[PDB]
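Single chain ahead, by itself, as structure tokens, in the form deposited in one PDB entry.
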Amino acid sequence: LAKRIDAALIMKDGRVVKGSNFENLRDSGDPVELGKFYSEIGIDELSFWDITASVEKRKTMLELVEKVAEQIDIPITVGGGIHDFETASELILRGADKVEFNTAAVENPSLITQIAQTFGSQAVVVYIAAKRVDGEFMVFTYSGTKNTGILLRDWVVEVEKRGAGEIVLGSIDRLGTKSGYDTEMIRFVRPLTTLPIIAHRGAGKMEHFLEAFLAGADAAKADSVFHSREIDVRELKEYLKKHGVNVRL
């Protein structure tokens, strides 16, 4: 019942990279400054997804989490090429509240459980990227590029069994669109898990958020719509209250 509004930030070499081509002379790509803006306009949680080159990535991500954790006080999730237990554990110890796995969880589902048993299920988020292929929802890894042959309906159940705290449900069919979350995919996954479901991909207007929530999402994640100011968050959370949704205000 209690719904959340989450912001996603793409990170490269320690700086925020915008997901569209809007600009502003003052808007620096400093994650701490952007994190403070989000914290201060009432975003519930932040996720960072790091696309940095192989070689500097692991210390770049540790540096990032240390700076943002000192300075902001909403939960932070970190992800993007977290391959193993040691990497994830180092990030949680340097300050991240949660780590997000996709490819490595698919390839080694025990990883979910190892993190959950050490730091608590709350610390493990599994991002499931899914697409319709020949009439069925399949799971994709390597940033939407490898069809794993695993059914979405099988992987959701297994993720919960392994001890994940939450699922982000990213519709590859909604990637590059701004006409709404994949409410059909949301409805399909909802009876298969008791976990919080975070909807991702497709957000364009305030109504979209309403509709995801009514399809059974517990949170909705977006990037551009908030960074560009195209949706004012206080206004989003007042609209949602008015339409029957329990949000923090």
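The term rigid core refers to the maximal set of C-alpha atoms that superpose within 1.5 Å between the two forms. Residue positions are given as counts along the sequence shown, with the first one as 1. Residues that one form lacks are left out of the comparison.
We do not show the form deposited in another entry, though everything after this point is about it.
The Cα position of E66 differs by less than 2 Å between this form and the one not shown after fitting on the rigid core. Annotation: Cα of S28 displaced by at least 2 Å between this form and the one not shown, core superposition. The Cα shift for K18 between this form and the one not shown, taken after rigid core superposition, is 2 angstroms or larger. Whereas the shown form places them at one spacing, the Cα atoms of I128 and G19 lie at least 3 Å farther apart in the other entry. Cα-Cα spacing of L34 to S20 is reduced in the other entry versus the present form (difference of at least 3 Å). Taking the core as reference, just one block of three or more adjacent residues between this form and the one not shown has all its Cα positions offset by 2 Å or more: 18-28.
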